[PDB]
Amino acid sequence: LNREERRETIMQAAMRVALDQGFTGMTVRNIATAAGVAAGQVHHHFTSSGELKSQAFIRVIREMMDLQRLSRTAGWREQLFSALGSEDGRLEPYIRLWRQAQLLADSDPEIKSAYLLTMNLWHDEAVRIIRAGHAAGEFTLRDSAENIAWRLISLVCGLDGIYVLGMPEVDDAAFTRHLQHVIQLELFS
């Protein structure tokens, strides 16, 4: 195992620890355990535990973007709705982490940078889908795919920030309804 592959195995272990315990639980001891190596090796391959935490978080969100993706043959409406509000049960720990990364972004510079980067990734996926569906003729763009993507992502972020508070008139069903509706308005004139 060359150095890149040790760095990599440790990174993946850190991804599991992130999805199982969150940011608080990503101690070098738990990461070293999950990777099956001695802590000293984790310190030798990742000199900043903070940097390791952030990069692992980024990789987790990337994996979330790959897990939510549908087959190319699927309708473009369905694809976009998956990339924004997928109800797939496998995504729970990822979302739970992303949410956390938001909060800790207020008090941790590195986590804030990583969170911004993940927002850019989310946007990239949404734009990709909007462009493909536009070229296919299913979506109707009266604005650029970038702006539309930022507005949809904003809708999801706000509706989630309200969903977590426990308001009854905004529940899972309401969430999906709203997201589908804004998609209809933005791309099906």
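Start at 1 with the first residue shown and count on from there.
Per-stretch averaging of Cα B factors for 137-145 and 152-160 places 137-145 on top. Checked against the record, the higher mean CA B factor of 52-60 and 66-74 lies with 66-74. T33 sits in the middle third of its chain by CA B factor, as recorded in the PDB entry. When the modelled residues of the chain are ordered by C-alpha B-factor, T9 sits in the lowest third. Ranked by C-alpha B-factor against the other modelled residues of its chain, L179 falls in the middle third. When all modelled residues of the chain are sorted by CA temperature factor, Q100 is found within the lowest third. In this PDB entry, the Cα temperature factor of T47 sits in the middle third of its chain's modelled residues.
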